[PDB]
Every structure is written in structure tokens, then in C-alpha cells.
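As a plain string of letters, each chain reads:
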There are 2 protein chains.
Amino acid sequence: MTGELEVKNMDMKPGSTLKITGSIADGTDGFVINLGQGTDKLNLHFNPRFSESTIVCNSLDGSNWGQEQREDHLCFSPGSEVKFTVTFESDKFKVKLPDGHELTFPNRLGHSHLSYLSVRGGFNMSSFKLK
Amino acid sequence: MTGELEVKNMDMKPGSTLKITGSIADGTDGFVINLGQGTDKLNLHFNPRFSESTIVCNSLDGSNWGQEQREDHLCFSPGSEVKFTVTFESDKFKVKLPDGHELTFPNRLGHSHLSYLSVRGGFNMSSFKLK
Ligand SMILES: OC[C@H]1O[C@@H](O[C@H]2[C@H](O)[C@@H](O)[C@H](O)O[C@@H]2CO)[C@H](O)[C@@H](O)[C@H]1O
């Protein structure tokens, strides 16, 4: 749980962008970027899985997971230092990948401000900036 | 509470540096950057007070505040975008102010790594970077 950052009481409004930098650990099979209103309401569950060569995106409403969206476009490595840019729109999430490719994921949980960011698995966030 | 950012489960070790950027809200009497083990274990309580033209540094162990240390080097103004760099040593904290002046504050709460950051008052943190 150490190094598994959670950022609370953010105020992410539609149109804002979040840039995340960190290093992926040697020997990790995947990691998670969770962004939403809290531990119980995840608008965006962003889960690259190196062992499955895919990126799963999903939403979480309470204890009920939404329908998973897999994006076979996993073009970064374990053991690297990478950047993610998440854009919060009222209808969609816009995740720029370290290679310039962009994933889009529908926002299924309304237009509320985003206050909760958490990192799971083998990703050590070294910087974040919010605009 | 909205906008009062919390960063939990950091891994800030002796020798590590924390660079925080943000904007001071207009007409505020002060703001707070807290660094420590948790909400009740604050190794560094960094509190610029513009109503008092001084920067208060203190520690919090449970419900017990230490002795305040005031530094009459408050040379930034509300509405401005300031940047602080906090360097964590087992012996003391070093806070580089926006004009370069370095403040020292003793670590009274043990060498144990820093995992908790919180911001209060008229400060909206826009970025941090751990190095
Ligand atoms: O929605 C993904 C989410 O749930 C877990 O993954 C599922 C898995 O995708 C599913 O095929 C299997 O039946 O159960 C797992 C757990 O319910 C993950 O643990 C988590 O990482 C999330 O990504």
C-alpha cells in the first residue's frame, strides 16, 4: 500500500487535464490509475495489464463494476518512466498514452467534479499537475 | 474541504525533495502545508501567515503541538503563484522559499519516512514532484 498514492479533495471540473508521471516497476504485471469521487465511485478505472498485453478501462459505482473496455494498444514497458494525461469531459475521458496514442472512455457517472485519485500496483507516481 | 488537497501513502525518504507549486488565494490571511505520518502526526507544519507577516513552522504529535518557530521572511503576496521545495533529512527540514531563502526546521517526530501531505487555507496546490 506504500507508494500506492491516493489524492483526496481535488476539484477536477469538465475541461480540466491531469498529467501524471512516474516509473513502472521492474517485474510488475500491471498497475491501476483510479479517478472519481471516491473509493466507492470510480468514474475512470485505468488498468494497463502487461501480462495480458491490454489496457482495461472500467467504471465503479459502489460495489458494481461497469462493462470493461479493453484497448489492445499497450505500447510501453515495465521498468520505464512514462507520462499519462487524463482529460475530464462531461461525456468522456481522454487518456493520452506515453506514445501519443489516445484512449477515450465514456463518463458513465454524471458530470460531478472529480475529487479522488488513487494509484495501485507497480506505478510510483513522481509528479502530478492539475489544470 | 473542497480544494484542501490530501496526498496519502507517499514514500518520501531521508534525502528526498518535494517541490510544490500552487496559487495563493486573494486576500487570504494565510495557508498551510502539512508534512508527516498522518493527520495527527505532522513532522512539518508550514504556515505562512500574511496577517502576521511571518511564517510559522511547528510539529504535531497526536493532539500535542510543539513550540512554534516563526521566520520573519514572508516575501510573497496573495494572488501570486509561489513554489516551495522541501528537502527531508533525518536531522531537519529545509524549505527553499520562492526567492531562494532556505528555512530549517527540526524533525521532532523521528526519521521515519514521510507519507502524508495536506494543504489548508488559501492555497490551491496545482502540482507536486517527488525526487
Ligand atoms: O473490471 C476490471 C476490474 O475487476 C477485476 O478484474 C476482474 C476480471 O476482469 C474478471 O474477468 C474476473 O471475472 O474477475 C476480476 C475481479 O472481479 C480486477 O481485479 C481489477 O483490476 C479491475 O480492473
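Residues numbered from 1 in each chain as written, not as in the entry; some residues may be left out. Chains lettered and ligands numbered in written order. Heavy atoms only, no water. Residues with missing side-chain atoms left out of burial classes, pairs and counts.

- Chain A is annotated in the PDB entry as Galectin-2 of Homo sapiens.
- As recorded in the PDB, the entry bears the title "Sugar binding protein - human galectin-2".
- Per UniProt, the comment on chain A under Function is "This protein binds beta-galactoside. Its physiological function is not yet known."
- Listed under Subunit in UniProt, the entry text for chain A is "Homodimer." (UniProt positions renumbered as here; feature names shortened; annotations may be inferred.)

1. Focus on the nonpolar core
Thinking step 1. Counting residues in each nonpolar core, the largest one holds 66 residues, and the members touching the most others are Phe46(A), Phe84(A), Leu35(B), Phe46(B) and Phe123(B).
Thinking step 2. Dropping the residues within four chain positions of it, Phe123(B) is found in contact with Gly3(B), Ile20(B), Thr21(B), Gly22(B), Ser23(B), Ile24(B), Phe31(B), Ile33(B), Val82(B) and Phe84(B). (Core = buried A, V, L, I, M, F, W, Y, C linked by side-chain atoms within 4.5 Å. Buried < 20%, exposed > 50% of the residue type's maximum accessible area, 1.4 Å probe, protein only. Contact = heavy atoms within 4.5 Å.)

2. Some words on the site of the ligand
Residues and elements named next belong to chain A.
Thinking step 1. In the vicinity of the ligand, the contacting residues are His45, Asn47, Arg49, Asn58, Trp65, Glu68 and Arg70.
Thinking step 2. Measuring from an oxygen atom of the ligand, one finds a side-chain N or O atom of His45 at 2.6 Å.
Thinking step 3. In the environment of the ligand, an oxygen atom lies 3.1 Å from a nitrogen or oxygen atom belonging to the side chain of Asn47.
Thinking step 4. Across the complex, the protein chains shield 43% of the 470 Å² of accessible surface that the ligand would expose by itself. (Near = heavy atom within 4 Å. Polar contact = N/O pair within 3.5 Å; in protein donor to acceptor, adjacent residues only side chain to side chain. Areas by Shrake-Rupley, 256 points an atom, 1.4 Å probe, with all protein chains shown as cover.)

3. Remarks on unusual backbone geometry
Thinking step 1. One non-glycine residue, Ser53(A), adopts positive backbone phi at about 50°.
Thinking step 2. Position of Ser53(A) among the secondary structure elements: in the loop between strand 4 (41–49) and strand 5 (54–61).
Thinking step 3. A relative accessible area of 44% means that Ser53(A) is categorised as partly exposed.
Thinking step 4. Located in the positive-phi region is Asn9(B), a residue other than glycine, with phi close to 65°.
Thinking step 5. For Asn9(B), the position within the fold is in strand 1 (residues 6–12). (Helix = DSSP H or I, 4+ residues; strand = E, 2+ residues; numbered from the N terminus.)

4. Structural notes on the pairing of strand 12 (residues 123–130) of chain B
Thinking step 1. Judged from the 3 bridges that link them, strand 12 (residues 123–130) of chain A and strand 12 of chain B form a sheet pairing that is antiparallel. Considered in strand 12 of chain B, the bridge of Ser127(A) is made with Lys129(B).
Thinking step 2. Pairing of strand 2 (residues 16–24) of chain B with strand 12 of chain B involves 7 bridges; the strand directions are antiparallel. Residue pairing in the sheet places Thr21(B) in a bridge with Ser127(B) of strand 12 of chain B. (Pairing = 2+ DSSP bridges.)

5. Description of the interface of chain A and chain B
Thinking step 1. With 16 residues of chain A at the interface, the matching set in chain B holds 17 residues.
Thinking step 2. Together chain A and chain B conceal approximately 1,400 Å² of surface at their shared face, both sides included; 58% is due to carbon and sulfur atoms.
Thinking step 3. For chain A, the biggest contributors to the area lost against chain B are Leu5(A), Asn9(A) and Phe128(A); these three give 38% of the whole.
Thinking step 4. Here chain A and chain B share 0 salt bridges between them.
Thinking step 5. Along the contact surface separating chain A from chain B lie 8 residue pairs in polar contact.
Thinking step 6. Residue assignment for the side of chain A that touches chain B shows that the elements contributing at least two residues are strand 1 (6–8) and strand 12 of chain A.
Thinking step 7. Considering every element that reaches the side of chain A that touches chain B, the biggest residue donor is strand 12 of chain A, with 5 residues.
Thinking step 8. For the side of chain A that touches chain B, the residue count by class is 6 nonpolar, 5 polar and 5 charged.
Thinking step 9. Bridge count for strand 1 of chain A against strand 1 of chain B is 3 bridges, and the pairing is antiparallel. (Buried area = accessible area lost by both parts, 1.4 Å probe. Salt bridge = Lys/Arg side-chain N within 4 Å of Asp/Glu carboxyl O. Nonpolar A, V, L, I, M, F, W, Y, C, P; charged D, E, K, R; others polar.)

6. Section: the pairing of strand 3 (residues 31–36) of chain B
Residue and element names in this part refer to chain B.
Thinking step 1. Burial within strand 3 is extensive, with 6 of its 6 residues counted as buried.
Thinking step 2. The alternating pattern of strand 3 places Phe31, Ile33 and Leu35 and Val32, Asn34 and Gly36 on opposite faces, both of which are buried.
Thinking step 3. Pairing analysis gives 6 bridges linking strand 3 to strand 11 (residues 114–121), with the strands arranged antiparallel. Bridge pairing in strand 11 links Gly36 to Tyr116.
Thinking step 4. As paired elements, strand 3 and strand 4 (residues 41–49) share 3 bridges and run antiparallel to each other. When the sheet's bridge partners are listed, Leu35 is paired in strand 4 with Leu44.
Thinking step 5. Between strand 3 and the antiparallel strand that follows it, strand 4, lie 4 residues.

7. Some thoughts on the relation of the copies chain A and chain B
Thinking step 1. Least-squares fitting of chain A to chain B yields an RMSD of 0.4 Å, with the superposition described by an axial translation of 0.2 Å and a rotation of 179°. Overall, the copies show the geometry of a two-fold rotation axis. Scanning chain A for the C-alpha nearest the rotation axis identifies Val7(A), at a separation of 2.4 Å.
Thinking step 2. Most of the interface of chain A is mirrored in chain B: 100% of its interface residues are interface residues there too. (Least-squares fit on C-alpha atoms.)

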